[PDB]
Each structure stands twice: as structure tokens, then as C-alpha cells.
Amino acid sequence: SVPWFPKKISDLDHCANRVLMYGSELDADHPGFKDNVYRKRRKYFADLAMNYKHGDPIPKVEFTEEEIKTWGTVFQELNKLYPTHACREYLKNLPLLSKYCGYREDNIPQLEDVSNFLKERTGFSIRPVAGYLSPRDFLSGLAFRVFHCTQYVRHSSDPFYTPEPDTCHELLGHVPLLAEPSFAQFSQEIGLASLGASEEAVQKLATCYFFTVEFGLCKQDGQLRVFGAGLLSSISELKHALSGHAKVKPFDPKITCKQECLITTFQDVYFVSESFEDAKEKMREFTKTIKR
């Protein structure tokens, strides 16, 4: 039979809290693992997300001086790399976020402001999320153009700690491309395909998502460019991905979905999409083979 899936945007209230691994439950190797103040701070963010309901304004947070310094460090270094690494759509939208959502090295943008910007541009919106959801639940948000977004900041001891998303990753990696209509349609269609899909199908869609939205490369005017959010918020891997040291294959959902998604290391392979439109077309053909 078909599993429950959300039928309208407010139904994400019933699956956005189905958190498998809560935001304050740190990994043993997390830089903040022995930091009680940071643990308390993470519980604060997790509770904001748990208490959030669709329709609410996303709670605005006063970030600490330390958190803002962490963001600034990350922001300054990445912005040196974006002109020579990021895809044209990313570079087109990033200055709009500086102008309208307060992206600055001494200011962390609020999720509510970014959500309002996205709603106007592509109809995307943000939902704060306490922690990790099943791939079924996470992808289901995209069906309604909702992106489940972490609100906390990485621990200050390691401004380059990358295996878990934080709000730096969300704001610098994901948001500029959600502001692009062709990328928003691509993303939404991943979510639509997942709704009520088999567990097998959901997993394959999640892997395709990983190797496009999170670690995708594209070809523009004959050059390799980056559009994956995980690359766009990782200083070292952003550089690695466009070096001669990286293994690169064409995006092809039936092949790409066999690839293991790595967590604590650079990816072993990156997949190059021809355009967001072509990636979208390829996903359309693939989803017909795994769902109906």
C-alpha cells in the first residue's frame, strides 16, 4: 500500500518533527561534544524548530558575537572562491541576498527574511528543522517548495567542520540556488516524485538529490562550475571539486543512484549536469521507471 504523505503545506507539521536524530544529540567526534554551553545552545535551536508550526513567522535569533565571527570567517573565505567556482545562477542571486536579506560578514541573515525573499522569487520557503529526518520526510518538503533548514551555527573551534549542515551551509550553499526558478522547479520535482513512493524509490531519489542539489557540478560555456550546496559551503572541497584531482562523471540517474553518499570525506566522484533544465528532464525519465 501507499505510505502517508503530506497533501498540503501545513501537513509538514506532522512529519517535520519525526526527527530520527535530534539537533542537540551530538556525534562523539563533534567539536562541541564536550562543550556544555554549546550543547545548551543547540537544545535552544532544536526547541525553536520543534515548536514551530506552519503559518508561524520563523523565530528570529540573536546570534552571539562568537557565532557571528564564525559566520564571518566562513563567509569571507568562500566569497573569494565563488567568482571562479560557482555557477552563473549562484553568482546572479548572491548579490540580491546581500541587498535584501542582510548577507554581510558581520551579520547572520535571519531565516524568516530569507524565507520571505524566496517566497517572492520562486515560491520557496524555509522551515526550521530540529535535526535529521528520514529521506521520505525531508524530500516531502520540497514537493511544497519547502526547504527544511538548520538554524544553529557550527562550533567556533572549527569554522571548517562540514559533516553536519548548519545555518552557514543553508544560507550560503542552498539559498542562492533556491532563488532561481529553473533550480526551484528541479528541486520541487524531486519532492513530488518522492510523495507516496516506495522505500526503494525514495532512497534512489535521495541519492540523486545528494549528487545534484548537495554535490552537483554543471557545465557552463564549456567550463565546469559548482552548484552543489555542500560544495558551496565547504572551502576545501569547493577547491578540490574543480581541481584536476577529482573524478567526474556525467549525471545519469540510473548510474548516479548506485553511488555511495560519503559523509566524513570528500566525495569519490562528482556528477556533472548539462544544465538544471537537462537534469530535470533526466529525472523525469528516471522517475517513470521507479514510481507510479
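The first residue of the shown sequence is 1; numbering continues from there. We call the rigid core the largest set of C-alpha positions that still match within 1.5 Å between the two forms.
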Looking at C-alpha RMS in 7 other deposited structures of this protein with the core superposed, is it 156-164 or 69-77 that drifts more? 156-164
I want to check something about residue 20: across the other compared entries that model its neighbours, is it left unbuilt in at least a third? yes
Per the PDB entry, mean CA B-factor is higher for 36-44 or 228-236, namely for 36-44
Quick note on 163-171 and 144-152: per-entry mean CA temperature factor is higher in 163-171
Tell me, please, which of 214, 113, 180, 221 has the highest C-alpha B factor according to the deposited entry? 221
Per the entry's Cα B factor values, which of 246, 49, 68, 61 stands out as the maximum? 246
Quick check for you: using the entry's CA B-factors within this chain, is residue 99 in the lowest, middle or highest third? highest
By the recorded C-alpha temperature factor, relative to the other modelled residues in its chain, which third is residue 282 in? middle
Considering every modelled residue of the chain and its Cα B-factor in the PDB entry, is residue 57 in the lowest, middle or highest third? lowest
For residue 131, return the chain-relative third of its C-alpha B-factor as stated in the PDB record: lowest, middle or highest. highest
Relative C-alpha B-factor of residue 203, binned into the chain's lowest, middle or highest third: middle
